[PDB]
Amino acid sequence: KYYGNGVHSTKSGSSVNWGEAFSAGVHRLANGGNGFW
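Residues numbered from 1 in each chain as written, not as in the entry; some residues may be left out. Heavy atoms only, no water.

In its Function section, UniProt records this for the chain: "Inhibits a wide spectrum of lactic acid bacteria." Taken from UniProt, the Subcellular location comment for the chain reads in full: "Secreted". (UniProt positions renumbered as here; feature names shortened; annotations may be inferred.)

As structure tokens, this is what we get:
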């Protein structure tokens with residue numbers, strides 16, 4: 001499930017929600033993985 005299942009209200013930030021989801025996960029890999037590189 002990706003780019004579709006949004007916890008927050010899409011009304012407020014539909015496009016911002018999708019990106020926010022993935023962006024949030026980056027924090028996990030940022031501690032031990034790729035992160036943003």
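Visitor: Explain helix α1 (residues 10-31) to me, please; I cannot follow it from the model alone.
Guide: Note on helix geometry: an α-helix contains 3.6 residues per turn, so any two residues three or four positions apart are oriented the same way. Largest kink in α1: about 60°, centred on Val16. Taken residue by residue, α1 has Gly13, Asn17 and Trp18 as its buried positions. (Bend = angle between axes of the 7 residues up to and from the residue. Helix = DSSP H or I, 4+ residues; strand = E, 2+ residues; numbered from the N terminus. Buried < 20%, exposed > 50% of the residue type's maximum accessible area, 1.4 Å probe, protein only.)

Visitor: What is the right way to look at unusual backbone geometry in this model?
Guide: Generally, phi is negative for residues other than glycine and the peptide bonds are trans, each holding for most cases. Despite not being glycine, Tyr3 shows a phi value in the positive range, around 60°. Assignment of secondary structure puts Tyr3 in the segment before α1.

Visitor: Even after reading the chapter, I still don't get the environment of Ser12, so can you show me in this structure?
Guide: Counting through the fold element by element, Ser12 comes out in helix α1. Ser12 sits 17 residues away from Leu29 along the chain, and the two C-alpha atoms are 27 Å apart.

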